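Read through the structure below, which is laid out as structure tokens, and then see the notes.
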Amino acid sequence: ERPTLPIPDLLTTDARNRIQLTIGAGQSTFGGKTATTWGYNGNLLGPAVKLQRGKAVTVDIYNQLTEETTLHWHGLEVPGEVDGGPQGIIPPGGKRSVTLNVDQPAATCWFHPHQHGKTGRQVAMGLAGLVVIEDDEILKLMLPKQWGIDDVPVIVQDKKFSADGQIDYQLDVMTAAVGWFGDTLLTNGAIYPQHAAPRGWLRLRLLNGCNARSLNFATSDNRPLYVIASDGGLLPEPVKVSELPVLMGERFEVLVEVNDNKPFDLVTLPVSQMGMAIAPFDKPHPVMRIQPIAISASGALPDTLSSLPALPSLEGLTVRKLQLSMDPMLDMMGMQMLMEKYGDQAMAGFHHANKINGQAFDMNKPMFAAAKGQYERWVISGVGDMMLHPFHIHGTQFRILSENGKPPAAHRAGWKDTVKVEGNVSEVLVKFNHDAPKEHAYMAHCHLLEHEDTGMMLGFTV
Ligand SMILES: [Ag+]
Ligand SMILES: [Ag+]
Ligand SMILES: [Ag+]
Ligand SMILES: [Cu+2]
Ligand SMILES: [Cu+2]
Ligand SMILES: [Cu+2]
Ligand SMILES: [Cu+2]
Ligand SMILES: [O]
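Just so we're aligned: the sequence shown equals residues 30 to 378, 404 to 516 in the authors' numbering.
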């Protein structure tokens, strides 16, 4: 009765070493009602671009929208010139080609628009894809590896729709303060899908592709999840968890056991984030149904996944302070609107009003030049402010030293491109191995997209 989990195509290069991505407007059905949606190579979401470490690929990006957009590869360590930040304009009806020389370990990354001031909308409308980066190392592990059967991407996103069927997106005082969130949960575009998985291990590549909703993954019968990777690749070993908090733009890959005749749900648990526990999200919410199939999966859960370097010495490293803030007026007005619409349940558990170091994002004025090839220490503070800011830095995979006032949890102590900042201070160890000049600067920003779109971003050069 549930629709099957849609599986994004795993797209590799053709004879010319090219991948074609068409950005376009189509239609989808939600709850039997049609909406205009945008997608990459289809109506909605996108394919998974498969990359190999050490190899180049050229991506041809045809923008068939009637408005401008950009194409960013979130999690990829590439020069600014192909980063697809807001300076990477692709005119409506035009084409832009980018050559990606992949130089990082195996990981599940993703891609989405980075259009100046409109990224929340373009994502809400449907635009997101995946990136599966492979290397020599990972294939030796014998992980579940059959794409769409025992190795599946799970892109989880919320939307809200108006009475006429259409996606109801707005960037206004309330959303700019608390984020765009909705009442309907999608999994690879589908409402409460089911996925048929063989007996043994199921690998789920989880992406929180929500604009502003943080999620927290668990199983309906509390079977454990074994985390094997974070934003930037494998952990040294599996880390067993009963629940998995995932911030906006974060990825984790987990293994979960599948047994004959015992279906279970992947669920998300209520989070203590402003706006995000309004019913049906005040209770555990299903994400998808796992249907065991009485066929043996070949995949293993290895004792040992890979190696993390020790953290580099802290003495002598440059420190950059990035103070996050939101105009007090934006905050009071936004939270009032939140409380007035939804009341107390909204606490269960403006275009340049959001800033970093007192400055709302200035596309023409990068805030600093970072060293190339040198570890730096970036200290990101949300002190003075009560909103959730998952802070993301372009052009790198860093190590978390402190996450919002604490040492990182085990499954969060490996390769990360996002870090939690919420009323406290975070510190990360970051290195950039590629150039980004002022014309194609790197972004560092909050990934609660409505904050980003209203100033909580800076450009930096390498
Ligand atoms: Ag006011
Ligand atoms: Ag409140
Ligand atoms: Ag705030
Ligand atoms: Cu992103
Ligand atoms: Cu990014
Ligand atoms: Cu934020
Ligand atoms: Cu970004
Ligand atoms: O991003």
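The beta-carbon is built from N, C-alpha and C at its ideal position, and this holds for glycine as well.
Q.
Is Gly-113 close to ligand 4? I mean its beta-carbon at under 8 Å from any heavy atom of the ligand.
A. Within the sequence shown, the letter at position 84 stands for residue 113. No, the beta carbon of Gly-113 sits no closer than 8 Å to any heavy atom of ligand 4.
**Q.** Per-residue DSSP class, three states only, for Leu-346
**A.** Along the sequence shown, one-based indexing puts residue 346 at 317. Note: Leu-346 maps to coil in three-state DSSP.
Q) Of all the options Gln-56, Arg-31 and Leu-74, which has the alpha carbon lying nearest to the alpha carbon of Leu-50? A) The residue labelled residue 50 in the question sits at position 21 within the sequence shown. Nearest option by C-alpha distance: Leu-74.
**Q.** Stretch-stretch touch, CB-based, cutoff 8 Å, three pairs: the segment 229 to 240 with the segment 171 to 190
**A.** yes
**Q.** Simplified DSSP state of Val-287, which is helix, strand or coil
**A.** The count along the sequence shown starts at 1 and reaches residue 287 at position 258. For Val-287, the secondary structure class from DSSP, reduced to helix, strand or coil, is strand.
Q: Mind checking which residues open and close the beta strand (DSSP E) that includes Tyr-371?
A: Here the question's residue 371 lines up with position 342 in the sequence shown. Here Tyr-371 belongs to no beta strand (DSSP E); instead the alpha helix (DSSP H) covers 357 to 371.
**Q.** Contacting residues, own chain, Cβ-Cβ under 7 Å from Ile-118 (five flanking each side not counted)
**A.** Here residue 118 is taken as the residue at index 89 of the sequence shown, counted from 1. Short of 7 Å from the beta carbon of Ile-118, and not among the five residues preceding or following it, lie these beta carbons of its own chain, in chain order: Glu-97 and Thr-99.
Q) Just checking my contact of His-448 with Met-497 at CB under 8 Å: how many whole Å lie between their CB atoms? A) Position 394 of the sequence shown holds residue 448. Position 443 of the sequence shown holds residue 497. A Cβ-Cβ separation of about 5 Å places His-448 in contact with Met-497 under the 8 Å criterion.
**Q.** Segment contact flag, the segment 138 to 146 with the segment 104 to 119, C-beta cutoff 8 Å, min 3 pairs
**A.** Yes, they touch.
Q | Every unbroken beta strand (DSSP E) within the segment 187 to 269, with a cutoff of 3 residues, ordered by chain | A | 213 to 216, 223 to 237, 244 to 248 and 254 to 259
Q | the segment 151 to 164 in contact with the segment 286 to 305 per 3-pair CB rule at 8 Å | A | no
Q. DSSP beta-bridge partners for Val-183?
A. As a working note, residue 183 is residue 154 in the sequence shown. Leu-235.
Q) Taking buried to mean at least 16 other C-beta atoms within 10 Å of its own C-beta, is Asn-288 buried or exposed? A) Numbered from its first residue, the sequence shown carries residue 288 at position 259. It is exposed - the Cβ of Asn-288 has fewer than 16 other Cβ atoms within 10 Å.
Q.
Does the beta-carbon of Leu-367, which I'm using as the reference point, lie nearer than 8 Å to any heavy atom of ligand 2?
A. The residue labelled residue 367 in the question sits at position 338 within the sequence shown. Yes, the Cβ of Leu-367 comes within 8 Å of a heavy atom of ligand 2.
Q: Indicate whether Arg-280 and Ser-259 have their beta-carbon atoms separated by less than 9 Å.
A: By 1-based counting over the sequence shown, the position of residue 280 is 251. By 1-based counting over the sequence shown, the position of residue 259 is 230. In contact: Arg-280 and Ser-259 (Cβ atoms closer than 9 Å).
Q: Would you list the one or two residues that DSSP bridges to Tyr-69?
A: As a working mapping, residue 69 is identified with position 40 in the sequence shown. Paired residue(s): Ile-52.
Q: In angstroms with no decimal places, state the Cα-to-Cα distance between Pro-491 and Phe-452.
A: Translated into the one-based positions of the sequence shown, residue 491 becomes position 437. Translated into the one-based positions of the sequence shown, residue 452 becomes position 398. Near 21 Å, if we compare the C-alpha coordinates of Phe-452 and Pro-491.
Q: Note the first and the last residue of the continuous alpha helix (DSSP H) segment covering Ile-167.
A: Taking the first residue of the sequence shown as position 1, residue 167 is located at position 138. Note, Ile-167: alpha helix (DSSP H), 165 to 169.
Q: Would you be able to state if there are at least three C-beta pairs under 8 Å between the segment 352 to 363 and the segment 481 to 495?
A: no
Q. Considering only residues of the segment 469 to 499, which uninterrupted beta strand (DSSP E) runs meet the minimum length of 3 residues and lie entirely inside it, listed in chain order?
A. 472 to 475 and 479 to 484
Q) How many whole angstroms separate the CB atoms of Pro-292 and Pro-321, which I take to be in contact at a CB cut-off of 8 Å? A) As a first step, residue 292 is located in the sequence shown; it is residue number 263 there, counting from the start. As a first step, residue 321 is located in the sequence shown; it is residue number 292 there, counting from the start. Right, the Cβ-Cβ distance comes to about 6 Å (below 8 Å), so this counts as a contact.
Q. When burial is assigned at 16 or more other CB atoms within 10 Å of the CB, is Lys-485 buried or exposed?
A. Numbered from its first residue, the sequence shown carries residue 485 at position 431. Around the C-beta of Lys-485, 16 or more other C-beta atoms lie within 10 Å, and the residue is accordingly described as buried.
Q: Compute the distance between the beta-carbons of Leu-40 and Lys-79, then report whether it is under 9 Å.
A: Sequence index remark: in the sequence shown, residue 40 carries index 11 (1-based). Sequence index remark: in the sequence shown, residue 79 carries index 50 (1-based). Cβ distance < 9 Å, so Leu-40 and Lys-79 count as in contact.
Q. What number of angstroms, rounded off, separates the C-alpha of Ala-308 from the C-alpha of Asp-212?
A. The sequence position of residue 308 within the sequence shown is 279, counting from 1. The sequence position of residue 212 within the sequence shown is 183, counting from 1. So the alpha carbons of these two residues sit roughly 8 Å apart.
Q | Proximal residues to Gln-195 (C-beta, below 7 Å), its chain only, five neighbours per side dropped | A | Reading the sequence shown from its first residue, position 166 is the one you call residue 195. Hits under 7 Å: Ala-64 and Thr-65.
Q. If you draw a straight line from the C-alpha of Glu-481 to the C-alpha of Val-348, how long is it?
A. To locate residue 481, count along the sequence shown from 1; it is residue 427. To locate residue 348, count along the sequence shown from 1; it is residue 319. So the alpha carbons of these two residues sit roughly 9 Å apart.
Q: Using 10 angstroms around the beta-carbon of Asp-179, count the other beta-carbons present and answer buried if the total reaches 16, otherwise exposed.
A: Position 150 of the sequence shown, counting from 1, holds the residue named residue 179. Flag for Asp-179 reads buried.
**Q.** Within 7 Å of ligand 3: residues by beta-carbon to any heavy atom
**A.** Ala-206, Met-355, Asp-360, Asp-439, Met-440 and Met-441
Q) Sorted by chain position, which residues of the same chain lie with C-beta nearer than 7 Å to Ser-335's C-beta, five sequence neighbours on each side aside? A) One-based indexing of the sequence shown puts residue 335 at position 306. The answer, listed in chain order, is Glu-166, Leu-263 and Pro-265.
(Q) For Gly-412 and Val-473, what's the separation of their Cα atoms in angstroms? (A) Position 358 of the sequence shown, counting from 1, holds the residue named residue 412. Position 419 of the sequence shown, counting from 1, holds the residue named residue 473. Each residue's Cα considered, the two are about 21 Å apart.
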